[PDB]
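Understanding the architecture of this molecule
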There are 2 protein chains.
Amino acid sequence: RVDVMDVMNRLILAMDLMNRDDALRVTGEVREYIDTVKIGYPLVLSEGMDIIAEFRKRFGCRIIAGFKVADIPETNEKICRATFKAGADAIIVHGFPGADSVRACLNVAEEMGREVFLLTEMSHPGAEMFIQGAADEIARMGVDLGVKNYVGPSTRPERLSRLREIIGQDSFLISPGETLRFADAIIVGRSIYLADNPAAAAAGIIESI
Amino acid sequence: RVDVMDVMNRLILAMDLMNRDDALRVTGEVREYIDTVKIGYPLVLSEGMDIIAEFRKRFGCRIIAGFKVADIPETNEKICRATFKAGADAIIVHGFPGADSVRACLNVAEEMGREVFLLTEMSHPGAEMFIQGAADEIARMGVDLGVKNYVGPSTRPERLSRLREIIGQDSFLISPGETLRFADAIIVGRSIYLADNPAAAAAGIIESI
């Protein structure tokens, strides 16, 4: 869809390394396979938010801040503004804190011309306690608020299908082969940056697509 | 109790200002009324994590990182280690993501000799959608995992009483008058740092204790 972002090769690199040198080095090794990188708190808190602008300038890539914002409205607003001011193209936000906390983020993204991704569900074991049960309602809340970008789990294909059903075919969905039957792009981390050779690892993944 | 932290005047300053100069200036104006300060992402993302060590050295205060960590276990571990390495004495973590995500934090705090505060419930309007309904279970999860420090709402005292009932009289509880009947310490922000004179504002609050 013309109004949703285009992720090269439908592959997003989750750059979870905490060392600036390593993060930039490994990303450089696979720069030809991706144009979108997700950066989280581990790297940003260890090296500073300036690392976001460094990635955009060194690789000409889109940066998604995988912060999973989950604070009160006023604080969410401040976190989003600081993150977008640092150059992030998009930010990932939790939906469990409610609609006002999500809208606070949407307001800033609108103002600054950036994007908000709503995290509807997580896949780690502990997600079963409260997150799994609220997933459908969180996705629906996003749809009702005009959210266009979503993050959903990949571990269970049928769950990604359910999410796609709720958000519709128009929405943009990313998830951490069959996954791409429902998601627009997949997020890969360790499988690439920890492999003996990240390039071959990334190349292999894309070939499967 | 002797095994729980002692917060001077039972008052914790929520330093939410995003400007280093202002945050340090206003904190300096009220330094005589508190020995514990809560710092969040707005300030840290805007000025860098080094600001935590700067506060501890300039004021000799305890720093609680009000990050409300809500990621997967591996990432929570990394966020906690980075935050504690930066000097934070404690970190606030969400319980909605489940037990493994909380334990990941507990592991790092144990290793580094720091503290974890479990956020059981929030008070902003949107909290009623999913957070309010999971609060009791989250508090019980904390108790079952040996969590000693908790953060609860202050808007509704009967809710604070319920939380105190679940965590017991031995647990340490902080909440953002009657509040101190159940909470060990109160967290005050805007009322202090935004007031015409934060010193008089802080002094007034304490006098009521």
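As shown above, the structure is provided for reference.
Throughout, a per-chain count from 1 in the order the sequence is written supplies the residue numbers; the entry may number residues differently, and those without coordinates are omitted. Lettering of chains starts at A and numbering of ligands starts at 1, both following the order in which they are written. As a rule here, side-chain values come from all non-hydrogen atoms in the structure, and water together with hydrogens is ignored.

We now examine the overall build of chain A. Summing up its helical and strand segments, chain A has nine helices and eight strands in all. Compactness check: chain A gives a C-alpha radius of gyration of 16 Å against a globular reference of 17 Å for 209 residues, within 12% of the reference. Judged by the C-alpha coordinates and their principal axes, chain A covers about 40 × 35 × 35 Å. Shrake-Rupley sampling with a 1.4 Å probe provides the accessible areas, and residues are treated as covered by the protein chains on show and by no other component. Accessible surface computed for chain A: about 8600 Å², of which carbon and sulfur atoms make up 44%. Under the DSSP-based scheme used, a helix requires at least four consecutive residues in state H or I and a strand at least two consecutive residues in state E, with every element numbered from the N terminus. Atoms counted for the radius of gyration: C-alpha only. Globule rule: 2.2 Å times residue count to the power 0.38.

Before going further, it helps to spend a moment on the relation of the copies chain A and chain B. The copies are each rotated and translated onto one another by least squares, with the C-alpha atoms as the fitted set. Note on the copies: chain A fits chain B at an RMSD of 0.1 Å, the axial shift is 0.0 Å, and the rotation between them is 180°. With respect to symmetry, the two chain copies, as superposed, fit the operation of a two-fold axis. Among all residues of chain A, the minimum C-alpha distance to the rotation axis is found for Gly48(A), at 2.9 Å.

Residue and element names in this part refer to chain B. The strand order around the closed barrel formed by eight strands is β1-β2-β3-β4-β5-β6-β7-β8, and the pairing between neighbours is parallel. Pairs of neighbouring strands in the sheet enclose a mean axial angle of 25°, with direction left out of account. Bridging between strand β4 (residues 90-94) and strand β5 (residues 115-119) involves five bridges; their strand directions are parallel. Considered in β5, the bridge of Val 93 is made with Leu 118. Here, residues are in contact when the closest pair of their heavy atoms is within 4.5 Å. The axes used here are C-alpha line fits, helices contributing only the stretch in contact, and every angle between their N-to-C directions lies in the interval 0 to 180 degrees. Helix α4 (residues 73-85) rests against β3 (62-69), β4 and β5 of the sheet, and its axis sits at about 160° to β4. Should DSSP find at least two bridges between two strands, the strands are taken to pair.

Listed by partner, the interface residues are 42 residues for chain A and 42 residues for chain B. Across the chain A/chain B interface, buried area totals approximately 3100 Å², and carbon plus sulfur atoms make up 71% of it. Here a salt bridge means any side-chain nitrogen of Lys or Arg lying within 4 Å of a carboxyl oxygen belonging to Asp or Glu. Counting across the chain A and chain B interface gives three salt bridges. Ionic pairing is found between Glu74(B) and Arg190(A), a salt bridge with its closest N-O pair at 2.8 Å. Throughout, buried area stands for the accessible area (probe radius 1.4 Å) lost by two parts on being put together, summed over both.

Now for the pairing of strand β1 (residues 11-15) of chain A. Residues and elements named next belong to chain A. For the exposure calls, accessible area comes from a 1.4 Å probe over protein chains only, and a residue counts as buried if that area is under 20% of its type's maximum, exposed if over 50%, partly exposed in between. Along β1, five of the five residues are buried, which leaves the element largely enclosed by surrounding structure. Burial of β1 is two-sided: the residues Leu 11, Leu 13 and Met 15 facing one way and the residues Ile 12 and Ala 14 facing the other way are all buried. Relative to strand β8 (residues 185-188), β1 runs parallel, the two being bridged by three bridges. Looking at the pairing, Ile 12 lines up with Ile 187 of β8. As a crossover connection, the stretch from β1 through helix α1 (residues 20-29) into strand β2 (residues 36-39) is right-handed. When the strands point away from the viewer and the connection leading from the first strand across the helix to the second strand turns clockwise, the crossover is called right-handed.

Nonpolar core, defined: a set of buried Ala, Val, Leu, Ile, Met, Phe, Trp, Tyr and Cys residues in which side-chain atoms within 4.5 Å join the residues together. In this structure, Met15(A), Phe55(A), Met15(B) and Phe55(B) are the most contacted members of the largest nonpolar core, which totals 95 residues. Counting residues per element, this core draws most heavily on helix α9 (residues 198-208) of chain A, which supplies six residues. Core analysis: the next-biggest nonpolar cluster, separate from the first, contains 74 residues, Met5(A), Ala14(A), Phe96(A) and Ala183(A) among them.

In this section: the state of the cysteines. Two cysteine sulfur atoms make up a disulfide if the distance between them is within 2.5 Å. Overall, the coordinates contain zero disulfides over all chains when judged by the stated rule. The closest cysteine sulfur to the non-disulfide-bonded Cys80(A) is located on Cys105(A), 3.5 Å from its own sulfur.

In this section: unusual backbone geometry. All names here are of chain A. Backbone geometry places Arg 10, a non-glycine residue, at a positive phi of 55°. For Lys 68, which is not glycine, the phi dihedral falls at a positive 55°. A relative accessible area of 15% places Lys 68 in the buried class.

A ring pair, where both rings are aromatic, is described by two values, the distance of the centres and the angle of the planes. Aromatic pairing here means that ring centres of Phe, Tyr or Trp (its six-membered ring) are within 6.5 Å. Orientation follows from the plane angle: under 30 degrees is stacked, over 60 is edge-to-face, and everything else is tilted. For the coordinates displayed, the defined rule picks out nine aromatic pairs over all chains. Centre to centre, the rings of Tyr41(A) and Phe67(A) are 4.0 Å apart; their planes meet at 15°, and the pair counts as stacked. Linking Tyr41(A) in helix α2 (residues 41-47) with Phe67(A) in strand β3 (residues 62-69), this pair joins segments that are 26 residues apart in sequence. Positioned above the aromatic ring of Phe182(B), the side-chain terminus of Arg181(B) is 5.3 Å from the ring centre. Two limits define a charge over a ring: the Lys NZ or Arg CZ must be within 6 Å of the ring centre, and within 35 degrees of the ring normal.

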